[PDB]
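A.B. asks: Here you go, one structure.
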Amino acid sequence: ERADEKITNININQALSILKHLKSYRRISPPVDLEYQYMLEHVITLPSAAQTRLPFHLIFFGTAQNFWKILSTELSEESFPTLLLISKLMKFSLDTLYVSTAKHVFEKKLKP
């Protein structure tokens, strides 16, 4: 950003809020096989931070399919506002998140 070169296909003006939101959020689930596969394509040992946070490479410039594969296992009532705000900043389809959250809350909280 200091270099002032927005010619790259990767955006820079929006990732600062994403990093803060990811730092403020704590992951509750073990890493999914998608993260293992993406890390083993560019082989590097997974650090311990995979147990507490979400990978930035698969979120920012990754596909929305990866987005919904990763946030599928992270759905909860407390995580719903943070993930909804992230999806607002992702400019993705909020309706899929709403349907998935409704089904998850029905199954985990309303069913018992």
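Ligands are numbered from 1 in the order shown, residues from 1 within each chain, and chains are lettered A, B, ... in the order they appear in the structure tokens.
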If we count only C-alpha atoms, what is near range 47-64 of chain A at a cut-off of 8 Å, once residues fewer than 3 positions away on the same chain are taken out, given as an mmCIF file with N, CA, C and O atoms, in the first residue's frame?
C.D. replies:
```
data_model
loop_
_atom_site.group_PDB
_atom_site.id
_atom_site.type_symbol
_atom_site.label_atom_id
_atom_site.label_comp_id
_atom_site.auth_asym_id
_atom_site.auth_seq_id
_atom_site.Cartn_x
_atom_site.Cartn_y
_atom_site.Cartn_z
ATOM 1 N N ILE A 10 -4.595 -8.831 -6.774
ATOM 2 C CA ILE A 10 -4.931 -8.992 -5.363
ATOM 3 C C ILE A 10 -5.211 -7.624 -4.758
ATOM 4 O O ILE A 10 -4.384 -6.709 -4.848
ATOM 5 N N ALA A 15 -8.021 -6.014 3.243
ATOM 6 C CA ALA A 15 -7.516 -7.124 4.045
ATOM 7 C C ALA A 15 -7.164 -6.716 5.470
ATOM 8 O O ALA A 15 -7.067 -7.587 6.343
ATOM 9 N N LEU A 22 -9.986 -11.742 12.073
ATOM 10 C CA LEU A 22 -9.438 -13.073 12.311
ATOM 11 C C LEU A 22 -8.684 -13.142 13.631
ATOM 12 O O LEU A 22 -8.780 -14.148 14.344
ATOM 13 N N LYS A 23 -7.925 -12.098 13.972
ATOM 14 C CA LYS A 23 -7.234 -12.077 15.256
ATOM 15 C C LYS A 23 -8.218 -12.037 16.418
ATOM 16 O O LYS A 23 -8.005 -12.701 17.439
ATOM 17 N N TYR A 25 -11.129 -13.323 16.466
ATOM 18 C CA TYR A 25 -11.883 -14.567 16.515
ATOM 19 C C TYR A 25 -10.968 -15.749 16.814
ATOM 20 O O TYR A 25 -9.800 -15.776 16.418
ATOM 21 N N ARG A 26 -11.519 -16.732 17.524
ATOM 22 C CA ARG A 26 -10.810 -17.954 17.879
ATOM 23 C C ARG A 26 -11.537 -19.146 17.274
ATOM 24 O O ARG A 26 -12.757 -19.272 17.420
ATOM 25 N N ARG A 27 -10.789 -20.014 16.596
ATOM 26 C CA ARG A 27 -11.389 -21.184 15.967
ATOM 27 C C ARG A 27 -11.737 -22.229 17.020
ATOM 28 O O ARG A 27 -10.988 -22.435 17.979
ATOM 29 N N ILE A 28 -12.882 -22.891 16.839
ATOM 30 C CA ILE A 28 -13.334 -23.894 17.797
ATOM 31 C C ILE A 28 -13.205 -25.322 17.275
ATOM 32 O O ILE A 28 -13.436 -26.271 18.039
ATOM 33 N N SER A 29 -12.848 -25.504 16.011
ATOM 34 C CA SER A 29 -12.800 -26.819 15.393
ATOM 35 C C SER A 29 -11.406 -27.135 14.867
ATOM 36 O O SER A 29 -10.625 -26.229 14.549
ATOM 37 N N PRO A 30 -11.054 -28.414 14.769
ATOM 38 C CA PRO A 30 -9.763 -28.794 14.185
ATOM 39 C C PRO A 30 -9.715 -28.449 12.708
ATOM 40 O O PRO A 30 -10.764 -28.291 12.067
ATOM 41 N N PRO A 31 -8.518 -28.305 12.137
ATOM 42 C CA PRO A 31 -8.418 -27.957 10.714
ATOM 43 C C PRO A 31 -9.092 -28.995 9.829
ATOM 44 O O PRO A 31 -9.027 -30.199 10.087
ATOM 45 N N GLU A 35 -7.716 -27.432 4.214
ATOM 46 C CA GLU A 35 -6.505 -26.725 4.609
ATOM 47 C C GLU A 35 -5.279 -27.626 4.512
ATOM 48 O O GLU A 35 -4.219 -27.185 4.052
ATOM 49 N N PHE A 67 -14.490 -21.033 0.819
ATOM 50 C CA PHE A 67 -15.059 -20.264 1.918
ATOM 51 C C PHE A 67 -16.168 -21.033 2.628
ATOM 52 O O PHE A 67 -16.164 -21.127 3.862
ATOM 53 N N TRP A 68 -17.105 -21.603 1.872
ATOM 54 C CA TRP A 68 -18.203 -22.359 2.457
ATOM 55 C C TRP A 68 -17.802 -23.761 2.897
ATOM 56 O O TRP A 68 -18.506 -24.357 3.719
ATOM 57 N N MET A 90 -16.599 -10.001 2.559
ATOM 58 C CA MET A 90 -16.245 -10.839 1.421
ATOM 59 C C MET A 90 -17.109 -10.573 0.198
ATOM 60 O O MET A 90 -16.747 -11.011 -0.899
ATOM 61 N N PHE A 92 -19.832 -11.962 -0.514
ATOM 62 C CA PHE A 92 -20.298 -13.265 -0.957
ATOM 63 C C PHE A 92 -21.809 -13.370 -0.770
ATOM 64 O O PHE A 92 -22.480 -12.430 -0.337
#
```
A.B. asks: Excluding residue 76 in chain A and any residue of its chain fewer than 3 positions from it, enumerate the residues within 8 Å of it, using only C-alpha atoms, and give them as number ranges by chain.
C.D. replies: A: 79-80, 101, 104-105
A.B. asks: Can you write just those residues out, C-alpha atoms, as a compact mmCIF listing (two decimals), in the first residue's frame?
C.D. replies:
```txt
# COMPACT_ATOMS: atom_id res chain seq x y z
CA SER A 79 -19.61 -17.23 15.62
CA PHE A 80 -22.62 -16.13 13.56
CA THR A 101 -26.86 -21.24 10.14
CA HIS A 104 -27.20 -25.77 12.23
CA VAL A 105 -29.15 -23.98 14.97
```
A.B. asks: What's around residue 94 in chain A at 8 Å? Count only C-alpha atoms, leave out sequence neighbours fewer than 5 positions away in its own chain, and write the answer as an NGL selection string.
C.D. replies: :A and (84 or 87-88)
A.B. asks: Using only C-alpha atoms, which of the listed residues (A:1, A:38, A:66, A:75) sits closest to residue 107 in chain A?
C.D. replies: A:75
A.B. asks: Return the single residue from A:97, A:9, A:73, A:33 that is closest to residue 85 in chain A, with distances computed using only C-alpha atoms.
C.D. replies: A:97
